[PDB]
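Have a look at the structure below before the remarks.
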Amino acid sequence: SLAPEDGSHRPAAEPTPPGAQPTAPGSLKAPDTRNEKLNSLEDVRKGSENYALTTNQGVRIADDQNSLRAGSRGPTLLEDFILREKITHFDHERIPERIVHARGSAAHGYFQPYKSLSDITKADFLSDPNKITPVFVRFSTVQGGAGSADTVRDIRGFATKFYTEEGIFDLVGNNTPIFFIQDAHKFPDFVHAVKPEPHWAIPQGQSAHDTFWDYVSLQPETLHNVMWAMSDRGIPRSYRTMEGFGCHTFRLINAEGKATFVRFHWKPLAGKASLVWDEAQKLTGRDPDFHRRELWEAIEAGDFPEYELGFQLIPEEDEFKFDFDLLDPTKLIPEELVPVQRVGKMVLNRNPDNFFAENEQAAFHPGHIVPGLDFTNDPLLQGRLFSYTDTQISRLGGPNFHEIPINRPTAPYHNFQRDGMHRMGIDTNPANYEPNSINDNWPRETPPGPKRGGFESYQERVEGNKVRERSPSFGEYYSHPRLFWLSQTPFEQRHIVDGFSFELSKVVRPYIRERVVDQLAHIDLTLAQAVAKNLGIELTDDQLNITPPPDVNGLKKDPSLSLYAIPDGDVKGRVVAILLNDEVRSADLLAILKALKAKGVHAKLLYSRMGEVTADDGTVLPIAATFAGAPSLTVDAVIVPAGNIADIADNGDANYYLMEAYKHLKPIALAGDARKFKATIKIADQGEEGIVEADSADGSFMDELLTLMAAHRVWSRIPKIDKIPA
Amino acid sequence: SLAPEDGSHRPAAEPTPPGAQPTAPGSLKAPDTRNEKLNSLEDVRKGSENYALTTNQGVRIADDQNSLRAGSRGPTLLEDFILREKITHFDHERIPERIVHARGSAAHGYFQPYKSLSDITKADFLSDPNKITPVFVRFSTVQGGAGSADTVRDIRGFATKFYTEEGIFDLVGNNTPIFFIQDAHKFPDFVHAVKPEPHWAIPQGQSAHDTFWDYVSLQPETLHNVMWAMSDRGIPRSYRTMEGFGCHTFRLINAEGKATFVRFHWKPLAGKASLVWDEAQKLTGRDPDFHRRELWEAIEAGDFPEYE
Amino acid sequence: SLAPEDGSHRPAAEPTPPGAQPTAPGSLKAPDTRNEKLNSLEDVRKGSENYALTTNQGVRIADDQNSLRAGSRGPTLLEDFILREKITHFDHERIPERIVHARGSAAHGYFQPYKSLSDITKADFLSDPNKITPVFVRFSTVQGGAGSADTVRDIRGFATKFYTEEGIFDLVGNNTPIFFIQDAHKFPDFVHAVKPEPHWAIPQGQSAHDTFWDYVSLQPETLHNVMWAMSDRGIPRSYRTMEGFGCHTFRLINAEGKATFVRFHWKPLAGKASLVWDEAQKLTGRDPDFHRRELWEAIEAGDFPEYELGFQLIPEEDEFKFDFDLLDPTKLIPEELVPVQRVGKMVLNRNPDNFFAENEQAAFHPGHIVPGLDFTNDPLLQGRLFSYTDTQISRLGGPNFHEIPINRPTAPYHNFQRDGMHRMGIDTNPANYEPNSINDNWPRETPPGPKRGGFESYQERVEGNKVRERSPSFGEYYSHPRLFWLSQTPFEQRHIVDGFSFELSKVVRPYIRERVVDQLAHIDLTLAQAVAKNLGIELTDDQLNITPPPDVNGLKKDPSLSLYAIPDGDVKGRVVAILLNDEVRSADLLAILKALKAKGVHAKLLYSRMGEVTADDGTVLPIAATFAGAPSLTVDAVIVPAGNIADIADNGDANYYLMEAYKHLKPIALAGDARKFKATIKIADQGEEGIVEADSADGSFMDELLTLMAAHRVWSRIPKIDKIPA
Amino acid sequence: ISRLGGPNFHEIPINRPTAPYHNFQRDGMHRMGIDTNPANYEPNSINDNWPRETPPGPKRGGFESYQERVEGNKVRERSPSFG
Ligand code: HDE
Ligand code: HDE
Ligand code: HDD
Ligand SMILES: [S]
Ligand SMILES: [S]
Ligand SMILES: [S]
């Protein structure tokens, strides 16, 4: 029952490209990668090699294959305490999943600022470009359960736990700059509306159902984040290729006591990229773990996810200077009006060891701030502060959740709190209250000040009556959806139309669809008309005459709202499928792999069976996967080298591979007789932008292919894909 | 008044084919379908129409659109107990999912024997062809979570709760007549091997990964149920078109004290039918709720699932 | 600084007698004490001196006196995360108490065997006289809640966690050798019956109510342990002065595979000693924490509780050699038939740091055995095996209760169990199953063997049908109660009579008293008639004529069953009240204290107020407590030195002090004019045995008093007490 | 939430209101009430928005907080009047 003699059961502890080695726990894959938080977990990491198998009480087990029974065909006996411990632990493995964001994928890393920000914040982690802060980041979807699929259409969560010298700061953000609703009190209504419906618990991972669109049609405040969800922002290529936002106006407080309003951003250094809907939807079935896997493999490969933290800063005196309210979380601050100032870089460079212990039990909460930061009266943020501490009592079993290893501060913590379920810390303090004389009042309060001081709230002025009332300034719902729509490229606009059209077609009650198209007519008539046409709805004369909402402080558009209007592609970490034949032209493959390696682009070698094939020069080529086993959905581009093309020319799966990739706007490159496949995707002899072709793969051929990949997808192909049956 | 005037928001309370009407809670869709268990649940069913919105303490809520704050742009106050009750209940909605068979779809129905089986068993529910026993049945996959997809390749669970006059009898079976392993002490090894692997929690709803096949390779006792799972048995068209089995030899005991060994079977009256792999896998993406949906809509149409 | 300038807030970190210093956490009181288990808890100990006060997230708090509000008289804001974290933790401090034995007191210590027992067991902890095994021991009552009183009449638990090199071994015993019932299926019935009655939840800490005596009257199997409970065994003086027993036959298994039957014993090296009923009852009012306090103070003083472990050993071939069944846990094995072999010594030498973390969270379970031990078919032990694992899932929050620090093995533990609530260990094993090849099958099973082998059950032969049936061999109920009764002294018999009589008088339904009296008539007529007389019940002619049960294997008594038949007194750690006056004779007091010191006996100096008084010769005498404040219930003897007796001669409290101690059979010593107090307890001029008196407090005055203390109480005094109004 | 096991402690019999209670809260450990409402959110059209909010009034109205005037800065400070 043992390891192969050749050692092939164990992954090399060195960076390796995706699929080259089995994946492994981070501490075993990359044992030399360290940071302060990682090292602090060593008290709880448990190895295994050369140790005896035991009960949890440390009793060695002789036979872990059988229950104790009276004769070898007799009843199992109650005194089998080894059986009952083992089965009891198994019977109690699951804990409640997160109410929202249950599906998520996490890694360790570090952050450092580019320069001291002491002029605007006294936060210690932003104070010195050479002070490194460990982080643990979890990316998530929102609606689906922990076992739902990754590449759904949904908002994404992006939560960073900063283990600072002055306490834990959690920046708990999402991949769009707003939310669907204005006041925390409605959160259970909105979440119930988008979640599976209560009678039958359908659908999983999808807003495409009657209750979501019912809520939206009745609550126009939602329309801004709906526009974002219906765009390709709803279906990112990778957690490495989406933006992060902190969602609310918070405050930075400097040593002098000055408050600046701030909104937080994460800029992906790998660039912004998304799937297209047919690809995303099909990929939920071909690999529901695609984003989790891609994140883990990028880190094992050394393509560490990097993000730049950025702040929009608004002086306190400018609070009212926009035509929207700064505290309204359904409103974004356009970068044309307030630029993002670069602040630092975050690098994720190690996977966890055990997903349950580190990912599933991690608790992030936006109320976990540190001196130098503060809140605002954003009425969504305000209610969040209640929820993230409350929910842990059931999810994590009690108030000692900060003692779960992933959650522990690396900064000291000492206070007079005691007891609670599964209390780990054994307090020696004679006193469990203050003020005390019997321990000379330790641990002691600390005055606020420039560094290492106690937390004091910014003394914001409050004047008003106790009311349950929405601010009149929040009562505008259409201008930001319009700004978003107008900032998208024409192909991005088409994809938004198609997203709404697809979703509303699954709404069973036709009046709901009508009411949504009526809302759309208040944003933009062209959008409204294009969705109506797809639903067989005709706009009324009144709907045709609805005045468009006002520009946002004079803006007709803001290109920073588009995924693609300003090129920002980075190919490093992307992946190509190489379709093999049984006699590959080795000269072609040599050139292909050389050019890919030079740009840090990975390759997977595919064939019609597993095992090996041999190239024209005798090189034995191991096969990563079959055409069907690793579909074009999972790669960025497809290359077909020359050789014995007859071997695959008539293979339905190989032909389909190219039809799917073509339909999904991916670059395709065909060398030598591989150009015979031009017939399957109807490319004219003259060729076509987005199809690289030549007698052989070479300098010029790979440069062209790599240029295409830098632009992500071949948007000019869109008119040609209606026709292809794929 | 937000409902449309034409009343098209509300499904007809009569049998209707899949897609014809929105789906609904069973007591609304089919109020006149009753059995002893369904009737006994009436003490806890809560309606809604014509009732005022309240806290859990029965206090009417005037504004369910806003938190209480000091000024309409000011901070939310701690004394907002309506907000806090509502968000507290939300924050604690979830309970642990089942360790296995977390993904499952269920319905109410009834059982009746063809004839008295008193010669072989004194079980009251099998004593009289005119004795009707309410059931509640839950069909499931095995490996994936509660939010995993329906049409994966996996074993299916088929659990029937019989509410008999002499106590609950649960027949907790699967859609193949055997299991992977021989001794319960190995159950956590086997389940850990098939479940998502522990470093990264991949893959969901799939035995197609190293640790499952490593365990199979070292434990040849598994090969029988593996054969079943690799066949199209692993990818049923519908819970209505798969077989059920009680897995073990049990005993029947009659009034005279005689024991007879028994294995239990369910025969689908709709016939046996399965998908093909490419179809099943693609379907987990196009509709991960396909079997849950099909079961609910068959029942709403009158195509009641029947099993012998 | 809040601490006083003179440092009197901090207890001396050295052994001090009870009352001399405030008590402290063990690691602060006795930092130099250590053992392997205490060392291994260091990673979770939290200090406090010189640290800042923080949130659990490590954020320094500036003001720990106020909530955050909108103006200093305004409403509290939801954004006050520091308030909600602190109040959240408080709100969830409590965990379920233990179903039974909820009230208990615990200490750390160590165990060492006198010689290797490898000829009879391969248990590692017993294999070498140099092997020292850390322990943690919790003593308890059974019925009352965690906040009930110590000196109730009840069975006591005595549970020892041995942290061995081959696993945790928990020896979960009580202070009597048997239990009330035979089969574990009845445990919830018996426990419900003794516990507070379900309509009104009365009475706490008492079996003196209808449902207990109903159950007993209907289940004569209970009578044996009821005899023990009704004797002074049910009201021990101290956890240090009671016996411990393992309750069941277990097995020892040597390296050759030979099984020997064993029953486990603890012998108190401080000797056997119990209160009397009136004293124990009043003491639950005057100090409901008396045994907890006594234990903690003994350890702080260096009077470490010490116990000798002993084994009764029965060869397998002697299973059926007795008049009773070895597996019947209502039957004791008389030491006259099977002597206790001494095995080793345990010493308890360090208090915990935090009572909740170490005591309340500790989990003991008799299924926790190690290679070299095994179970038997005792049907009470059999069902115990199920309960002690199960109960922790709610009490301690889930299946990772072995990760709570006090419960952790010091031995290695490695296995394939994963997850569960509060999971601390982060497993790096690529495998969570076996057999596996991907980690070369580690951690691996270990064959059984002579040392460091895997656990294998002893291959006992099982033969019979599947039945729910009591063995006919267990159907004898009276001979062991009779042997117990006959083995007691006449004063111990009187106290049994009075225990039944007092308990049955609290039973409201008379027929239940009558039914119990009928049971007693089956044990011993003298016993039965004496209890009947106290209840106004007359035994029938049939009752008068019940043949007594047989002797047990020819024995008509066994003096080891008596607390006092065979003297085993030890005065070290006992306490004397010294009653002061405003002008004490300093030469009496010097002599008193000098002799008490030489025998390790403590003293408390008592007066009518606090502060100090001054001796005839100007010596300043500090007062520990007032007469009312430290009643005679709390001491073992009373001494009144000479001097200004007139000062206290008419003090009600001072007089009553001597009356109460006199009533409770305690030694009393009077010097010089303190002899005037002889009037208040009605002592004749020639004196009486148990009252020491002389012109001055020496020559042989303190030897006399110390001799009386060594015999614990003045049993001869019993006839004279009924005439005293106290 | 720890003492009584979860957020449905109002369904424990002694705690239950005798007044009606209806709302859009769902699930939680040991959930007794089986809701038949097609909607679990408001505003909804699919159940004509029931159960519905009630304006405050002299009898049988919804709860509205007294509109006390609040003026001051966000402070952690004891009122001098308490000293
Ligand atoms: C024969 C049909 C069958 C077999 C052989 C097994 N399962 Fe099932 N199972 C649980 C434990 C368990 C063990 C210990 C073993 C072999 C030792 C089996 N299973 C094999 C469980 C963890 O206790 C379980 C999880 C949730 C629960 O309540 O019990 C469990 C579930 C389960 C279901 C689902 C019932 C439902 O709630 O829908 C079914 C149909 C099976 N098992 C069948 C089954
Ligand atoms: C012989 C010493 C003895 C005996 C015979 C029993 N108890 Fe104890 N007990 C639990 C259950 C249980 C059962 C099922 C039986 C016979 C069927 C006994 N008891 C008799 C328990 C409910 O599982 C218990 C409650 C908390 C816990 O973890 O286990 C339990 C407690 C207990 C203690 C307390 C240990 C401690 O934490 O101090 C002791 C000394 C005993 N039992 C002794 C005992
Ligand atoms: C008042 C309710 C509420 C509101 C209005 C929001 N959240 Fe939230 N959020 C929760 C209440 C909550 C929660 C219920 O407390 C969750 C799930 C359980 C968890 O610990 O927190 C959570 C989880 C959660 C997570 C997952 C963190 C993780 O990986 O564990 C993210 C990323 C966000 N939220 C992001 C957002 C964003 C960008 C919001 C827009 C501003 C937002 N949430 C509003
Ligand atoms: S947000
Ligand atoms: S089975
Ligand atoms: S016992």
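In the structure tokens, chains take the letters A, B, ... in the order shown, each chain's residues start at 1, and ligands count up from 1 in the order shown.
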Practice problem: Counting only C-alpha atoms and all ligand atoms, name the residues that have an atom within 9 Å of an atom of ligand 1; the answer should be given as a ChimeraX atom specification. | Solution: /A:87,90-92 /B:97-106,137-142,156-160,171-188,245-248
Could you turn the residues from that selection into a file that holds C-alpha atoms, as a compact mmCIF listing (two decimals), in the first residue's frame?
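Result file out-v3.txt:
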```txt
# COMPACT_ATOMS: atom_id res chain seq x y z
CA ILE A 87 -17.01 7.92 13.35
CA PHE A 90 -16.54 12.33 10.97
CA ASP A 91 -20.25 12.75 11.99
CA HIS A 92 -19.51 16.30 13.23
CA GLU B 97 -25.13 20.45 5.88
CA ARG B 98 -25.27 16.62 5.98
CA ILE B 99 -21.73 15.07 6.11
CA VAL B 100 -22.71 13.04 2.94
CA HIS B 101 -25.86 13.30 0.77
CA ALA B 102 -25.83 17.08 1.49
CA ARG B 103 -27.48 17.57 -1.96
CA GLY B 104 -31.08 16.20 -1.97
CA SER B 105 -34.64 16.84 -3.20
CA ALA B 106 -37.71 15.67 -1.26
CA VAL B 137 -38.85 10.78 0.58
CA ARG B 138 -35.53 12.49 0.00
CA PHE B 139 -33.39 11.60 -3.06
CA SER B 140 -29.79 12.79 -3.05
CA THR B 141 -26.33 12.64 -4.47
CA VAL B 142 -23.46 11.59 -2.09
CA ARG B 156 -27.80 8.45 -5.47
CA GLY B 157 -29.50 8.16 -2.06
CA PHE B 158 -33.13 7.17 -1.82
CA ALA B 159 -34.46 7.62 1.75
CA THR B 160 -38.02 6.98 2.73
CA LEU B 171 -35.59 2.86 4.85
CA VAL B 172 -32.38 4.60 4.01
CA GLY B 173 -31.25 3.20 0.67
CA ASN B 174 -29.24 4.00 -2.46
CA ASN B 175 -29.67 3.46 -6.26
CA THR B 176 -27.22 0.49 -6.42
CA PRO B 177 -27.58 -2.74 -4.45
CA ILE B 178 -24.11 -2.66 -2.78
CA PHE B 179 -21.65 -0.27 -1.21
CA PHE B 180 -17.96 0.47 -1.81
CA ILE B 181 -16.73 -0.89 1.55
CA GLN B 182 -17.29 -3.80 3.87
CA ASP B 183 -16.70 -2.44 7.41
CA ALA B 184 -18.11 0.83 8.91
CA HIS B 185 -14.75 1.62 10.51
CA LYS B 186 -13.50 2.53 6.99
CA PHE B 187 -16.38 4.86 6.17
CA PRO B 188 -14.42 8.09 6.97
CA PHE B 245 -32.11 -0.73 -2.79
CA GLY B 246 -31.91 -1.07 0.98
CA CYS B 247 -28.19 -2.10 0.69
CA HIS B 248 -28.12 -4.72 3.56
```
Exercise. Considering only C-alpha atoms, extract the chain D residues located within 12 Å of chain A and return them as a count of residues only.
Key: 45
Please, which residues of chain C lie no more than 10 Å from chain B when the count uses only C-alpha atoms, and can they be set out as a PDB file with N, CA and C atoms, in the first residue's frame?
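Result written to out_36.pdb:
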```pdb
ATOM      1  N   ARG C  69     -21.351  57.452  21.810  1.00  0.00           N
ATOM      2  CA  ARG C  69     -22.679  58.032  21.715  1.00  0.00           C
ATOM      3  C   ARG C  69     -22.643  59.362  20.954  1.00  0.00           C
ATOM      4  N   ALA C  70     -23.807  59.762  20.452  1.00  0.00           N
ATOM      5  CA  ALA C  70     -23.938  61.003  19.712  1.00  0.00           C
ATOM      6  C   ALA C  70     -24.233  62.090  20.755  1.00  0.00           C
ATOM      7  N   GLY C  74     -26.224  61.316  24.696  1.00  0.00           N
ATOM      8  CA  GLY C  74     -26.989  60.856  23.502  1.00  0.00           C
ATOM      9  C   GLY C  74     -27.065  59.320  23.364  1.00  0.00           C
ATOM     10  N   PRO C  75     -27.650  58.859  22.253  1.00  0.00           N
ATOM     11  CA  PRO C  75     -27.893  57.442  22.109  1.00  0.00           C
ATOM     12  C   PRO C  75     -26.589  56.717  21.758  1.00  0.00           C
ATOM     13  N   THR C  76     -26.465  55.424  22.123  1.00  0.00           N
ATOM     14  CA  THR C  76     -25.257  54.658  21.776  1.00  0.00           C
ATOM     15  C   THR C  76     -25.313  54.257  20.307  1.00  0.00           C
ATOM     16  N   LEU C  77     -24.161  54.342  19.643  1.00  0.00           N
ATOM     17  CA  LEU C  77     -24.102  54.127  18.192  1.00  0.00           C
ATOM     18  C   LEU C  77     -23.766  52.679  17.871  1.00  0.00           C
ATOM     19  N   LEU C  78     -24.383  52.212  16.803  1.00  0.00           N
ATOM     20  CA  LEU C  78     -24.198  50.836  16.332  1.00  0.00           C
ATOM     21  C   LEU C  78     -22.736  50.671  15.931  1.00  0.00           C
ATOM     22  N   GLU C  79     -22.070  51.746  15.465  1.00  0.00           N
ATOM     23  CA  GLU C  79     -20.630  51.640  15.138  1.00  0.00           C
ATOM     24  C   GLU C  79     -19.639  51.411  16.242  1.00  0.00           C
ATOM     25  N   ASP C  80     -20.113  51.352  17.480  1.00  0.00           N
ATOM     26  CA  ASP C  80     -19.192  51.030  18.562  1.00  0.00           C
ATOM     27  C   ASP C  80     -18.906  49.522  18.628  1.00  0.00           C
ATOM     28  N   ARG C  84     -19.431  46.318  21.363  1.00  0.00           N
ATOM     29  CA  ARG C  84     -20.187  45.082  21.023  1.00  0.00           C
ATOM     30  C   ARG C  84     -19.276  43.885  21.130  1.00  0.00           C
ATOM     31  N   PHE C 416      -6.230  10.532  10.604  1.00  0.00           N
ATOM     32  CA  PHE C 416      -6.834  11.048   9.382  1.00  0.00           C
ATOM     33  C   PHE C 416      -8.140  11.772   9.588  1.00  0.00           C
ATOM     34  N   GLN C 417      -8.469  12.080  10.840  1.00  0.00           N
ATOM     35  CA  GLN C 417      -9.690  12.839  11.111  1.00  0.00           C
ATOM     36  C   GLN C 417      -9.482  14.309  10.806  1.00  0.00           C
ATOM     37  N   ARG C 418     -10.537  14.960  10.326  1.00  0.00           N
ATOM     38  CA  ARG C 418     -10.326  16.349   9.852  1.00  0.00           C
ATOM     39  C   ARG C 418     -11.530  17.179  10.242  1.00  0.00           C
ATOM     40  N   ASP C 419     -11.324  18.503  10.273  1.00  0.00           N
ATOM     41  CA  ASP C 419     -12.459  19.488  10.407  1.00  0.00           C
ATOM     42  C   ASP C 419     -13.155  19.409  11.747  1.00  0.00           C
ATOM     43  N   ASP C 427      -3.626  20.326   9.448  1.00  0.00           N
ATOM     44  CA  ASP C 427      -2.985  19.116   8.877  1.00  0.00           C
ATOM     45  C   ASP C 427      -2.313  19.360   7.556  1.00  0.00           C
ATOM     46  N   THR C 428      -1.055  18.938   7.469  1.00  0.00           N
ATOM     47  CA  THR C 428      -0.342  19.125   6.209  1.00  0.00           C
ATOM     48  C   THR C 428      -0.268  17.830   5.415  1.00  0.00           C
ATOM     49  N   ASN C 429      -0.805  16.726   5.975  1.00  0.00           N
ATOM     50  CA  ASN C 429      -0.761  15.425   5.276  1.00  0.00           C
ATOM     51  C   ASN C 429      -1.457  15.571   3.887  1.00  0.00           C
ATOM     52  N   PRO C 430      -0.784  15.242   2.736  1.00  0.00           N
ATOM     53  CA  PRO C 430      -1.514  15.221   1.463  1.00  0.00           C
ATOM     54  C   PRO C 430      -2.722  14.312   1.501  1.00  0.00           C
ATOM     55  N   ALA C 431      -2.704  13.325   2.393  1.00  0.00           N
ATOM     56  CA  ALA C 431      -3.787  12.307   2.509  1.00  0.00           C
ATOM     57  C   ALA C 431      -4.645  12.565   3.716  1.00  0.00           C
ATOM     58  N   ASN C 432      -5.958  12.406   3.575  1.00  0.00           N
ATOM     59  CA  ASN C 432      -6.847  12.322   4.761  1.00  0.00           C
ATOM     60  C   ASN C 432      -7.566  10.971   4.850  1.00  0.00           C
ATOM     61  N   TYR C 433      -6.929   9.900   4.357  1.00  0.00           N
ATOM     62  CA  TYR C 433      -7.548   8.597   4.311  1.00  0.00           C
ATOM     63  C   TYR C 433      -6.428   7.587   4.305  1.00  0.00           C
ATOM     64  N   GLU C 434      -6.755   6.390   4.766  1.00  0.00           N
ATOM     65  CA  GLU C 434      -5.846   5.265   4.498  1.00  0.00           C
ATOM     66  C   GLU C 434      -6.676   4.023   4.163  1.00  0.00           C
ATOM     67  N   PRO C 435      -6.072   3.078   3.400  1.00  0.00           N
ATOM     68  CA  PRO C 435      -4.673   3.139   2.938  1.00  0.00           C
ATOM     69  C   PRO C 435      -4.489   4.219   1.819  1.00  0.00           C
ATOM     70  N   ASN C 436      -3.319   4.834   1.830  1.00  0.00           N
ATOM     71  CA  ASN C 436      -2.997   5.771   0.729  1.00  0.00           C
ATOM     72  C   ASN C 436      -1.591   5.538   0.222  1.00  0.00           C
ATOM     73  N   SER C 437      -1.364   5.843  -1.052  1.00  0.00           N
ATOM     74  CA  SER C 437       0.026   5.824  -1.555  1.00  0.00           C
ATOM     75  C   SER C 437       0.628   7.240  -1.582  1.00  0.00           C
ATOM     76  N   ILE C 438      -0.232   8.290  -1.565  1.00  0.00           N
ATOM     77  CA  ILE C 438       0.287   9.648  -1.890  1.00  0.00           C
ATOM     78  C   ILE C 438       1.076  10.239  -0.700  1.00  0.00           C
TER      79      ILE C 438
END
```
Practice problem: Compute the set of protein, DNA and RNA residues whose minimum atom distance to ligand 2 is at most 7 Å, using only C-alpha atoms and all ligand atoms, and state it as a count of residues only. | Solution: 35
Quiz prompt | Given only C-alpha atoms as the counted atoms, nearest of B:95, B:231, B:124, B:169 to residue 94 (chain A) | solution =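 The answer is B:95, which sits nearest to residue 94 (chain A).
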Exercise. Return the neighbours of chain D among the residues of chain B, cut-off 7 Å, counting only C-alpha atoms, as JSON, numbers by chain.
Key: {"B": [1, 2, 3, 9, 10, 24, 25, 44, 45, 46, 47, 48, 49, 50, 51, 52, 53, 54, 55, 56, 57, 58, 60, 61, 62, 63, 64, 70, 86, 88, 89, 90, 92, 93, 94, 95]}
Practice problem: Please measure the separation of CA of residue 613 (chain C) and CA of residue 286 (chain C), giving the value in Å to one decimal. | Solution: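 Between these atoms lies a distance of 25.5 Å.
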Self-check item: Which of region 30-191 of chain B fall in strand (DSSP E or B), as a VMD selection string
Solution: chain B and resid 45 to 46 52 54 60 to 61 69 to 70 76 to 77 104 to 111 133 to 140 157 to 164 167 to 174
Quiz prompt | Spatial neighbours of region 19-22 of chain B, 12 Å, only C-alpha atoms, chain gap at least 4 places, as an MDAnalysis selection string | solution = (chainID A and resid 197 199:200 209:211 506:510) or (chainID B and resid 8:15 28:29 293:294 296:298 300:301) or (chainID D and resid 38 46)
Self-check item: DSSP-assigned alpha helix (DSSP H) members of region 35-140 of chain A, reported as a PyMOL selection string
Solution: chain A and resi 36-40+81-91
Keeping only C-alpha atoms, take the residues you just selected and write them out as a PDB file, in the first residue's frame.
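This went into result_17.pdb:
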```pdb
ATOM      1  CA  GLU A  36       5.206  36.568  10.117  1.00  0.00           C
ATOM      2  CA  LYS A  37       1.662  35.150  10.057  1.00  0.00           C
ATOM      3  CA  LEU A  38       2.702  31.950   8.282  1.00  0.00           C
ATOM      4  CA  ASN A  39       5.404  31.279  10.854  1.00  0.00           C
ATOM      5  CA  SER A  40       2.995  31.985  13.749  1.00  0.00           C
ATOM      6  CA  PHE A  81     -13.976   3.274  21.436  1.00  0.00           C
ATOM      7  CA  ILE A  82     -11.588   3.500  18.423  1.00  0.00           C
ATOM      8  CA  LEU A  83     -14.475   3.068  15.959  1.00  0.00           C
ATOM      9  CA  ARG A  84     -16.745   5.456  17.913  1.00  0.00           C
ATOM     10  CA  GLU A  85     -14.158   8.271  18.165  1.00  0.00           C
ATOM     11  CA  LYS A  86     -13.333   8.023  14.471  1.00  0.00           C
ATOM     12  CA  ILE A  87     -17.011   7.921  13.354  1.00  0.00           C
ATOM     13  CA  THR A  88     -17.976  10.674  15.912  1.00  0.00           C
ATOM     14  CA  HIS A  89     -15.379  13.047  14.507  1.00  0.00           C
ATOM     15  CA  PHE A  90     -16.543  12.328  10.969  1.00  0.00           C
ATOM     16  CA  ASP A  91     -20.251  12.753  11.990  1.00  0.00           C
TER      17      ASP A  91
END
```
Quiz item: Out of C:270, C:674, C:406, C:155, which residue has the shortest atom-to-atom distance to chain A when counting only C-alpha atoms?
Solution: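 Ranked by minimum distance to chain A, first place goes to C:406.
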